[PDB]
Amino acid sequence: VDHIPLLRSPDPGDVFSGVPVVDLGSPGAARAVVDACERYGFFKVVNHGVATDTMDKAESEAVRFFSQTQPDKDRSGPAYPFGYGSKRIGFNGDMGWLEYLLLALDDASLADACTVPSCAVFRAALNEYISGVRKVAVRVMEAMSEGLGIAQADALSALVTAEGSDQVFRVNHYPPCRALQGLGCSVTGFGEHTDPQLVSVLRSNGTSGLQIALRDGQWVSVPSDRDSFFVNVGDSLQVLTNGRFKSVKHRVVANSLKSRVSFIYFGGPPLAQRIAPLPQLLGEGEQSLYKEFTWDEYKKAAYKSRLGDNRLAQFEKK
């Protein structure tokens, strides 16, 4: 369904030093979160308390899995409802220079229904990491509701701690494209998009590749940092804040010399959840910018769409 798109190779003039940095354990974190979410939809989290040991072991097990042979990996595929995938992203023809694991959580662990990966050592290293990253996600969302003045402390966080939360966990591997070294153009690792749910929390190895789109349309590279997290505002959080936090549009450009390995936690609510601006955030007679929908509805619409589509616009008011 067409090939992987090419992109102009990123400059070093494209690097972005202004990514906001949030010390979760700290005073003024709640305000730094709000500010970053308002102007970028994206920020780095440090001193998050997830051990570098568990991050390193999750990565090592992932690298081991992806180093298997293509037929051995294909036994865990395809990626839907869960499992291993190669190049194809979603259902509608998108492709990237990547391979990945798309996995399902129950609360703070892999779901037992999600039988990939089968190797107990990989599964156990993933589960320790997932526990850690899920607590960071909850803390980020409490810092959100706090910096937004929400008395209810779990106003956001409770949507992913609820029973039957739709929480997704994805391991991406962008191998090197050696065919393109020095040629001025680079292959898309993961085409541009916004994430559909509340928040995503990413951790990578040290290889570059992640880019975000600024408000003025410009694409900038985010320097990688294997010991910190990067947090995305997703479309659903754009709606719960009535447009105050805009979803960050982001993509991955594959490196032509080093493998890039990423772990991403996606916080989504239960399927039945009605997604609308939090009553607490609407002023007197303020109108929602959005039609009413449920998460199940948004998610299904999402899977009928292309990666780069503006999925929110179909649910915006006219």
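From 1 onward, residues are counted along the sequence shown.
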Worksheet item: Mean CA B-factor: is it higher for 147-155 or for 221-229?
Response: 147-155
Worksheet entry | Between the two ranges 50-58 and 32-40, the one averaging a larger CA B factor in the entry | 32-40
Worksheet entry | Largest Cα B-factor, entry values, listed residues 198, 102, 180, 89 | 180
Fill in: Out of 163, 94, 192, 235, residue topping the C-alpha B-factor column of the entry
163
Worksheet item: What third of the chain, by the recorded C-alpha B-factor, contains residue 309?
Response: lowest
Worksheet, complete the sentence: residue 118: CA B-factor among chain residues, third -> highest
Fill in: CA B-factor ranking of residue 26, expressed as a third of its chain
highest
Item to complete: Place residue 287 in the lowest, middle or highest third of its chain's C-alpha B-factors, as listed in the PDB entry.
Response: middle
Worksheet item: Would the CA B-factor of residue 259 place it in the lowest, middle or highest third of its chain?
Response: middle
